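Okay, here we've got a single chain as structure tokens, the form deposited in one PDB entry, with questions on binding and movement later.
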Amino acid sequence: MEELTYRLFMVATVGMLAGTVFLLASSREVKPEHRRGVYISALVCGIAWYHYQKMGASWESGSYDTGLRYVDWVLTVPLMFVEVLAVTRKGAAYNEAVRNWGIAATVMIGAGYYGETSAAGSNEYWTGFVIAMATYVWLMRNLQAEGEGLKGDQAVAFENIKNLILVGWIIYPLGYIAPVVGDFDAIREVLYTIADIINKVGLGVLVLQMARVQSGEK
């Protein structure tokens, strides 16, 4: 498991860079008024690229620092909400949702960090999990409520964005509890890495697809 985990870190590192530069290269494919979300998606992948280089070296050393993962999450998760909420809101409604979801994400990630750095299976470990879970469900329920009146191609493209988050973010709580299901400390890191690739690169691709639709492309 240890060698597999290192290799996945190294592959994911190049994957995040590839997501970054692909998304930048693809920005010319959409109208200029819809390129902001593609650029923000590239920034998300670029921040992850930076932290993934650190995580792979950290894992390779044998003294791994999950703080690298959690600081990447605390920066990138609110950024991912910036473009999701732009589809459905502007002005005051947008500013309120971006702030409130970003606060919730920070609580979720901070609670997860508190629990993950505690003894596995301890009351502190479960406290972090439960607080993070409740905040996560609150975020998902808010996300499900967004864009209810949308129709047509834009509604389909937004539902694809929503479903990627609603399904793909489930991997994180699974990874967090992997160490208590078995001798699976490394499996937590495997699942987190797979999830980050799927969720970061995947959301960027779907945001690009959202921009094509908004550009009037078929």
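In this text, residue numbers run from 1 along the sequence as written. We call the rigid core whatever largest set of C-alpha positions still superposes within 1.5 Å between the two forms.
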*Segment of higher mean CA temperature factor, 9-17 or 206-214*: 206-214
*If you average the CA temperature factors over each stretch, which comes out higher, 129-137 or 81-89?*
81-89
*asked:* In terms of recorded Cα temperature factor, pick the maximum from 106, 100, 122, 76.
replied: 122
_Largest Cα B-factor, entry values, listed residues 162, 51, 188, 34_ = 34
*Going by the entry, which third of its chain does the Cα temperature factor of residue 193 land in?*
lowest
*Using the B-factors in the PDB entry, rank residue 147's C-alpha atom against the chain and give the third, lowest, middle or highest.*
highest
*Ordered by C-alpha B-factor within the chain, which third holds residue 96? Give me lowest, middle or highest, please.*
highest
*In terms of the chain's CA B-factor thirds, is residue 182 lowest, middle or highest?*
highest
_Can you tell me whether residue 154 has a C-alpha B-factor in the lowest, middle or highest third compared with the other modelled residues of the same chain?_
highest
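If you look for the form deposited in another entry, you will not find it shown, but the lines that follow are about it.
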_Residue from 177, 170, 164, 156 whose Cα, after superposing the rigid core, lies 2 Å or more away between the shown form and the other one_ = 177
*Is the C-alpha displacement of residue 86 equal to or greater than 2 Å between the shown form and the other one once the rigid core has been superposed?*
yes
*Would one find the Cα atoms of residue 88 and residue 208 closer or farther in the other form than in this form, where their distance changes by 3 Å or more?*
closer
*asked:* Between the shown chain and the other structure, the Cα gap of residue 7 to residue 180 differs by 3 Å or more. Is it closer or farther in the other form?
replied: farther
